[PDB]
Structure formats: C-alpha cells, structure tokens
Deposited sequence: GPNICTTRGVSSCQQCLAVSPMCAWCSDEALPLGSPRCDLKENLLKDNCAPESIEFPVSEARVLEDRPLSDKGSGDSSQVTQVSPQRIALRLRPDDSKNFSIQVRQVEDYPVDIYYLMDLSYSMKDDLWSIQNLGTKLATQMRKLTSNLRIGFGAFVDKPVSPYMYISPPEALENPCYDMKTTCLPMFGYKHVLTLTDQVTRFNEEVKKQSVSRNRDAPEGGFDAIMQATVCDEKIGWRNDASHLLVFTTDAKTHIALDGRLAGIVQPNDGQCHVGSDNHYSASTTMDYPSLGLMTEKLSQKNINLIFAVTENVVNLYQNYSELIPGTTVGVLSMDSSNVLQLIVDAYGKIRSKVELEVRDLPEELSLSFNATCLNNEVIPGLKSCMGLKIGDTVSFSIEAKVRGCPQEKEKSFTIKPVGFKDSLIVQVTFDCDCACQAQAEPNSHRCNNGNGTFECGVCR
C-alpha cells in the first residue's frame, strides 16, 4: 500500500529526491494538509496537485561534441564529449562508436646481398627496396623501414687475402674497384623517413668474395636478435626481407675457415654496426634461426632470384611461416607477399576507464562485427581497417556526492581518441532558488519558506 517516498521523514524537497529516483515533490500551496508532498508523480496528480508545481528531475545525457567517424585530424571515437546529469542513486545510458581508421604499424627491415654476383642484380634490389618503401607507405602511414647489407665472413678462404691491395679492393686483380669485404653491416635503423631510406639504398655498391655461397644467415640471425639496433617495435608487424642470387652458407660450413664455435643466437653488432663475431662464430642452423624468429615474432621473406627459388622454397618448408618471392627487375611478386601479410592483420577495441569517481559505477554492452549484443562485455576483436563497433555504457551514481561536478574518460586501448563524460549531480529542486529568506508564515524561530513548507 504505502510507498517509500511517503513513508520516510521527508521534511523537504531535497530529502524527497534523495530517497529514490521515482519520488516527486508537490509545491502547490492549494494542496490540503492530509495529502503527502513526497510521493509518486502519479499519486500527486491524482491528488489534485498542480502539474506546474510538481518537482520531478529526469536524468539526461546530452552530446556536446559529435564529430563523425573518419573515412578515406582522424576521428575514431564518436561522440567525443557527453554531459550526464544524474539525480541521487539514479543511472543513465549512452552510446559510443569506435572505428579502426589509422593504418596498422609495420616494420620492414631489408637485407641486401652486396656480393659481386649481385652486380647485375644491384638495380633490382634498389628498385625492390625503394618500391617496398614507397608502395607500403601508400598502404600504411605507420610504416617503418630500414636496411642492412651482407657479403660473407671476411676470412680466408672466403676472402681474397693477396696481394695486400686486395684487402681494401677485392676487385684489384680485375683492374677495377669494389668495396672491402664485410660480414653484416647494419646501415639504417627502422625509420619513417622514406625519402632518406631510398637515397641510402641507391648509394649501395657491391664488394667481392671467392665462394658462391654467402653469409646472409649470419645477417638474418643478427637482424632478428639485435632488438635495439634494428629498432623493431613491440606492437608492430615485423617483416624481414632477405635478398640474394646464390646459395647460402649453413651451420658447420665455417669449419672450412677454421671456425668451429657454434652460433650462440645472441646480438654481436654494437658500436661500429658490423657483426663482430663474423670471423669467430659459425653460421647459424635452421633450427636456431627458427627459434629466434619465433621468439622475436619476425616473419622472414626470402626475395631471391629465379635460379635459387627452389632452394629457398625448400629451406622455407624447414622454417615454418617463411615465404618466398622472386627477386627480378619487377617488384610485384615480393610486394604481393607484404600486401598479403598486411591483409591478415587484425585488431581489437578494448575500452578502459580513467578518472572514474568512487561514487560512479559503469556497466557495458558490446555490439561487435557479429551484430549481436554481448552484455557485460567492453571489448571486440578481429577488426580490419575501416570496421566499426559500438558500445552502450550505463553510469550509476551512489547517493549524492558533495562535489557536484566530476568528469571521467572512456578510451580504447592503443587509441589516441576518447570519450570525455562530464557528470553533473542534480540533488536540489528548482524551487530552492526561490527560497524567500524571511519566514512570514512560520514566525516561531524557524526561518525561510521553500517549496511550500515550514521547517
């Protein structure tokens, strides 16, 4: 029979609102003394309280900033700013949309075979390099690209060691010039400066050694395990593009240079940017390469000339996840592998809350790609670039806080974009503004007359 509004003290309008969100207060002075002032809105109208005199705050959610989601500044969350107005112990819901607009981060590190056999292939690896940079930059604005070069272990019999002039110029005996031999050179750290990367790639020239199989696997291992030097990012797709026109040296080959120490799988580049253990440590085995590529989360692509495609296809089957493309005057084959790799990238939208007041609590409903409402969930997975998800958030306040104006943020993990929610707490009635300081009606040490009542 009796309700909570009528049966709980209610000396004033303010106390009435604090009881429950369903309570209303009548300020009509024509209302008789028998009728309660704090009651359900239905019970007041039914008891002839004037519709204008009824106080019944309704919680609202107004959008303030509603810049639309971007297509192709960048807006990925919509809306951006909301004003929640809450009465005591009440709640209110609101919607948020989140779209993956920004391109996914991809690291490409390019390994150039600069041995003498590559003289006729030099243009092709420069073309490929600059096309990698230029075209993948069109595909993703979050590309970082860098490179290094290799020949082989600078030690006899791989290296020409006579006459003395052959050391600085391996091409001495052909009456021409080329660069000194070297194992692996890190040349350019992963950078977003595409123009610069292209300029350096175009400056590269060949060196020379004696035996056809080369030391690229030393380079692959060091490109994989030298984290800081190469510059791989923690939350980026990592692609290692390896180029050559020949066979490769493998673990246990190094004994022909008197080198028997097994590869340790550790970084040995450092200050001068050369592989320092090139002449003292054996080539890595396929199994060790596999382990480090997996441990560092790097995808190896062999970009090799047609004469050795079958060779590297066959090594590829022994290092799972590795792919083979054809190095030629045409960049398309290898580029397709990278574009295909980019097409397999998926992302998540996981909402996190910041600066949430003690008094407020939130509950979330997620609507992901399946177009079905998963209640209590605040994250979606499996998004591609351009996909959109939506959440419904309900904020509930505990009682009435004295602060009266607070703010919090709702933000997807790894996004710049966020929703700022400004919260206002509406605990007072409008009739309190017309408080009338003088008593007039009470006149027995009470004071003030608000909303049609004494103390």
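In this entry, the deposited residues absent from the coordinate set occupy a single span, 73 to 78.
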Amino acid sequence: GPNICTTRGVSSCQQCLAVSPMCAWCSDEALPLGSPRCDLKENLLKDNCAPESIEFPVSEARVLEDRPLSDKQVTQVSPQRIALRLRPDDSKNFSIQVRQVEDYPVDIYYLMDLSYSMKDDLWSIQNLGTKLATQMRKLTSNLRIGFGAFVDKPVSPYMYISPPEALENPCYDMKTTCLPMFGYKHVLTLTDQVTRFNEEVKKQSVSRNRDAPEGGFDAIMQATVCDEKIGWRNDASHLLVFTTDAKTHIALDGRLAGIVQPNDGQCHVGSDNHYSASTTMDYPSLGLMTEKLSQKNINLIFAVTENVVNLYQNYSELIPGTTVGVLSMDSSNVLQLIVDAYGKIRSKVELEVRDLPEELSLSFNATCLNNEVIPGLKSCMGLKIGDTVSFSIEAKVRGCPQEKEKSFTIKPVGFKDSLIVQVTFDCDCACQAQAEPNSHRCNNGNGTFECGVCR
From here on, numbers count along this sequence of modelled residues.
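Looking at mean Cα B-factors across 169 to 177 and 370 to 378, the upper value is held by 370 to 378. For the pair 357 to 365 and 320 to 328, the record assigns the higher mean C-alpha temperature factor to 357 to 365. Split the chain's modelled residues into thirds by C-alpha temperature factor. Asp71 is in the highest one.
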